[PDB]
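What follows is a short report on a single structure.
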Amino acid sequence: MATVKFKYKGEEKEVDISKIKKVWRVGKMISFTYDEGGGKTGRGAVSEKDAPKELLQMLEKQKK
DNA sequence: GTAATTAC
DNA sequence: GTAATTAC
């Protein structure tokens, strides 16, 4: 699994792959939802080249 | 503006 | 309804 580093609203974030819920491709970017504790869902996206192999396996296994 | 999808 | 993400 590992982790994913991204930027969201002027803030640089890092998130555990195990906390990622939904993954999808939009053009050439990979967008996703993740669990940020409590009942809250977060959002994020990275460039294809920056996506860990584990995030890419979740995508292909999902693609929804 | 557009893409896919979401949180709020 | 809208703003948020990368790359044209």
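Here is how names work: the chains are called A, B, and so on, in the same order as the sequence lines, proteins then strands, and each is numbered from 1. The analysis underlying the following values was restricted to heavy atoms, covering all of them including side chains, and did not include hydrogens, waters or symmetry mates.
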For residues 29-37 of chain A, which side-chain N or O atoms pair as donor and acceptor with protein atoms under 3.5 Å away, sequence neighbours left out?
| unit_1 | atom_1 | unit_2 | atom_2 | d |
| --- | --- | --- | --- | --- |
| A:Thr33 | OG1 | A:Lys22 | N | 3.1 |
| A:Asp35 | OD2 | A:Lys19 | NZ | 3.0 |

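- A:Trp24 and A:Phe6 are not part of a single hydrophobic cluster, where members link through side-chain heavy atoms under 4.5 Å apart.
- At least one side-chain heavy atom of A:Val4 sits less than 4.5 Å from a side-chain heavy atom of A:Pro52.
- Applying the salt bridge (charged side-chain N to carboxylate O under 4.0 Å, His left out) test to A:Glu11 and every residue at least two apart in sequence or in another chain returns A:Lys13.
- By the rule that hydrophobic residues join a cluster once side-chain heavy atoms approach within less than 4.5 Å of another member, A:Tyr8 and A:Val26 end up as members of separate clusters.
- Judged as a side-chain hydrogen bond (donor to acceptor under 3.5 Å, both in side chains), and not counting sequence neighbours, the contacts of A:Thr41 are A:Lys21.
- Listed by first and then second residue, the salt bridge (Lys or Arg N to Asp or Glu O under 4.0 Å) pairs involving residues 42-52 of chain A are A:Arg25-A:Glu48 (not counting sequence neighbours).
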If you look only at distance, which donor and acceptor atoms sit under 3.5 Å apart when one is on a side chain in residues 53-64 of chain A and the other is two or more places apart or in another chain?
| unit_1 | atom_1 | unit_2 | atom_2 | d |
| --- | --- | --- | --- | --- |
| A:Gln57 | NE2 | A:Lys53 | O | 3.4 |

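- Among all heavy-atom pairs drawn from A:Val15 and A:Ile20, the shortest one is CG1-CG1, 4.5 Å.
- Considering only residues two or more places apart in sequence or on other chains, A:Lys28 meets the side-chain contact (heavy atoms from CB on, under 4.5 Å) condition with none of them.
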